[PDB]
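Only one chain comes next, encoded as structure tokens, the form deposited in one PDB entry.
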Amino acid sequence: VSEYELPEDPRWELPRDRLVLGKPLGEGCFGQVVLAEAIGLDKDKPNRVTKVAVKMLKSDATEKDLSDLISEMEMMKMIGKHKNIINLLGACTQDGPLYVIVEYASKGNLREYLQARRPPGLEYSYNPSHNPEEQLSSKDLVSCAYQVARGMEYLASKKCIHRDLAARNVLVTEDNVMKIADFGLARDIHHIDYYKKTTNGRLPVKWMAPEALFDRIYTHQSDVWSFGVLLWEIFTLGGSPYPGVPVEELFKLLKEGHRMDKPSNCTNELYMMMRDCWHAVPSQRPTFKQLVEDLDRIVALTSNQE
């Protein structure tokens, strides 16, 4: 029995013997995510199995870690469901460690998904996958961007600021639906280390708007700046931002007006949309509502023949 009072919500609680735990999906310093099969997740369909992702704490986990995971779960309930975010499906709070059960995205994060779909040749770096998949169409790429914009428009409408929107935090389902992840994470109460890599080797400083970098100010406008970086990641098919640029240099550069150059395969229109997201002045960036409307139009005009 836990020493803590884990919050049981009858609408969401699943007996944990309805979960058949499967392979690890990922592990961080937080805990771990595993794939599972859930039996009768939908009450009206008790005999059906659903593949799901299950988040749980490491054994080394503290009380703040627990509080953080509960917090993510409750924030997700409050934000509600949208097609282009990772949605809550249930929880196990009784009879063992806390499990938070969410939609499963079988194709993993967007950066690695795009990298494995890199065609040969001059416009992209090499494909690092030993199981490369069919390359995407131009329309497919704009449609990835559109779906992420639509998810952020929803989150913004629910007053959620993501604060680390990046291709690594977009997951892709079996049906190639884009789903924003890690939007419900607690904001650390301590100052951050700008030079500390994630468990997957990423430096989050490269997605920060200048006002976030400089003064730790995060708003929907600073998420639009990150979406501009994410756009650049899409049209480089998973490229790494500011190539050759040491991180301790980045703010100076940005402040002087430095911006990433256009990816080799990227329309003038989509590069101008990136640059607009990277407006120095937060009030002058487009909103996610505007981004969605423009990307909708651009998707309809973009060829899926190549």
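Take the two forms, find the largest set of C-alpha atoms that superpose within 1.5 Å, and that set is the rigid core. Only residues modelled in both forms are compared. One rule holds for the numbers: they count along the sequence shown, beginning at 1.
The following text describes the form deposited in another entry, which does not appear among the structures shown.
With the core held fixed between this form and the one not shown, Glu27 has its Cα displaced by at least 2 Å. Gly201 is among the residues whose C-alpha shifts by 2 Å or more between this form and the one not shown once the rigid core is aligned. Relative to this form, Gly31 and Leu98 separate from one another in the other entry, with their C-alpha atoms ending up at least 3 Å farther apart. In summary, the C-alpha positions of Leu155 and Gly28 diverge in the other entry, ending up at least 3 angstroms farther from each other than in this conformation. Residue ranges 3-7, 26-31, 198-202 are the runs of 3 or more whose C-alphas all shift by 2 angstroms or more between this form and the one not shown once the rigid core is superposed.
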